[PDB]
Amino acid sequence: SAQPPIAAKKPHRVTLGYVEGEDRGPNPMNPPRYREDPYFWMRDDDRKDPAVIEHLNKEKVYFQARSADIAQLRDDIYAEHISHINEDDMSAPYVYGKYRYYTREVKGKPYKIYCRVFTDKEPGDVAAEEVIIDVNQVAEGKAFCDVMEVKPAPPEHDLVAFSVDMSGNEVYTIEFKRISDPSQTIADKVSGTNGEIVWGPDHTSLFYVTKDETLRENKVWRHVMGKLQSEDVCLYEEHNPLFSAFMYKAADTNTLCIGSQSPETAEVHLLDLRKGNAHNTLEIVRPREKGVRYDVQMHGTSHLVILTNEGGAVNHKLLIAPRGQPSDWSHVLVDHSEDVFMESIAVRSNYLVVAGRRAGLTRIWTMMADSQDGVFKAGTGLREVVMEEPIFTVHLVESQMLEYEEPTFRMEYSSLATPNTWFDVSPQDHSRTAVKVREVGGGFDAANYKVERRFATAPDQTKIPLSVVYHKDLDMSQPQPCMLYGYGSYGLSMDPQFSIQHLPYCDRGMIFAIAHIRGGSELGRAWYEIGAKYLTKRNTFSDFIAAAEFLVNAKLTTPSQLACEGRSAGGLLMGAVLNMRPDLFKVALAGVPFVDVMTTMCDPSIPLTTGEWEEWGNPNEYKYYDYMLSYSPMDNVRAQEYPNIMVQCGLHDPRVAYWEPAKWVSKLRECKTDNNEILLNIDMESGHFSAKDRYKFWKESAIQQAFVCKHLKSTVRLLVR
């Protein structure tokens, strides 16, 4: 019965090219081009306009009415998600100072509890445990509560700072508490931050990063405890909108790294933390050079271990520069390779560890420092951590590696049907000890599922890997329903890693597949930097289509049985493939989807735009205008049949503005020639990542699986058929 809302149109001309008074980049088209955008009014930067809120509410009513018939299936799947998590749970503990730190979840509570015990006691022992921050108490009375960081102050770890965002726009307030005096109110508040907290050398001061009015991180500051924030001193400002500011502490705690990064270019400065709480003088590592990226990990205070793409090192090389001449890049530790992509590096007192990829999969490599002098030597070489399985994902868990002299590192391992395990690993002999194994209940068993690697062929004949998982009892003699996932931007690879999100699909007799399309870095950095960005970006979409065509041509599924999903830049993928090949899919999920590509990317007042001129290109420029227009999902909506679609988004999302999916759903409904349903679920209480409250998050997830399973006619679990 329920009818979708009809969106009003208001004339609005969008300018792409030169606009007097705005920074549209160094070479904007003049005269500029104009485009009509009759749904432009859906945008309100203040998220308070009565007509905009009314329209979003009418979308919400329509979504609730069309979803009423899948309430029971949503409840079933939500119960499955609940059975696949642990009401009472503890993270993998790690040592920092005199303590082992960890989080707990407790039955019936939606948020985490940050805890510790002394290193001579058992994590989770109630008689030994100290609660640092109970996020459930922080979130009292609030609809949404993201506590991002909790950092005890050295040397005592008694004073604690924590960052909290109560709306989802990822602007955080830093607050404080004293563990040894839980009723002492500490007056200091630091507002307008990106949520990162880095203490100074002692408990008297800390560093933090603020955002401009387009939410770009642009300044690094020092706050001295007991002062007003208006007395804080700005240590660094990045005025160029392509670049964001960042900061982190060296692993031995002696140096703060502060700098700027844009997709093409990095610049790092060092701040010595050994010269008291008034030393604010920065030391440049290497002045910015367009197209040169680098990362600095200090080995003590004397040497910079630098991971960089300089001088054609597409897959990156590792070098060591002296503190005293940090732009002397002549000493190569590990040269570039065509097969090994080095993605990040953790340096500790007598070893380093590199996370990256080789032969399509994540790998870890280690290198010991020379035992005679403690120095890294090029003749030693990287030693790969050898892993037995053909398909898996491994991560280096630097957030659980705090002690600079700790003789192990923390690695987490999973696969599509194998729950995560966290190990302490020796970099000397690669021996390991499991610290935590994720328990998954509700009858889950890893041996119920078959995991495979298959290969699609794109138009240019490149082989596109797919990671596939399905239930062992699924009848593979005929085509079956299937869900095909992609992302494909920023060089973020999708990996065959464990998630409970595909269990309701595989347990109902669906195939779950990931398409490892160009735009990720799965086959090395070129898979992104050349495979799909700027004027090759269209490869993301045609690789995904080749993956879908592969699953159909191989008789794994059929278009009537095929779903596709993606979120954020994966929602750009969904919007483009929905215009290009809607005939391949019965149903689609587009989460928080980047779809308003021309109107958003011409406009530097929208968060993220200016930095993404170095991802897709800048449509104010002749070089990019036609090419971006050729795939922009909003601008290629047309009179054809589309699949059933569900779109999830957040009113406060600071990465993909709520108005992009609102305008896109309106245009789809206006132009489409089929009688399928398009549902827009706008969460007025969150940002880009749905609820941090775990029960709300799992209920939000369940509505999406229920909608796919309904439209695939695969609603009944295999076990109970």
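Residue numbers run from 1 along the displayed sequence.
**Q** May I ask you to compare 181 to 189 and 300 to 308 by their mean CA B factor in the entry and name the higher one?
**A** Mean CA B-factor is higher for 181 to 189.
**Q** Comparing 124 to 132 with 343 to 351, which stretch shows the greater average C-alpha B-factor in the deposited entry?
**A** It is 124 to 132.
**Q** From 575, 155, 491, 486, which pick has the Cα B-factor that tops the rest in the entry?
**A** Reading the PDB entry, the winner on C-alpha B-factor is 155.
**Q** Highest Cα temperature factor in the entry, among the options 386, 584, 532, 628: which one is it?
**A** So the option with the highest C-alpha B-factor is 386.
**Q** Would you check the entry's CA temperature factor for residue 252 and let me know if it's in the chain's lowest, middle or highest third?
**A** CA B-factor rank for residue 252: middle third.
**Q** Which third of the chain holds residue 17 when residues are ordered by C-alpha B factor: lowest, middle or highest?
**A** Tercile = lowest for this residue's CA B-factor.
**Q** If you rank every modelled residue in this chain by C-alpha B factor, which third holds residue 612: lowest, middle or highest?
**A** Residue 612: CA B-factor falls in the lowest third of its chain.
**Q** Check where residue 498 lands among this chain's C-alpha B-factors and tell me if it's the lowest, middle or highest third.
**A** Lowest third of the chain for residue 498's C-alpha B-factor.
**Q** According to the PDB entry, is the CA B factor of residue 169 in the bottom, middle or top third of its chain, that is, lowest, middle or highest?
**A** Middle third of the chain for residue 169's C-alpha B-factor.
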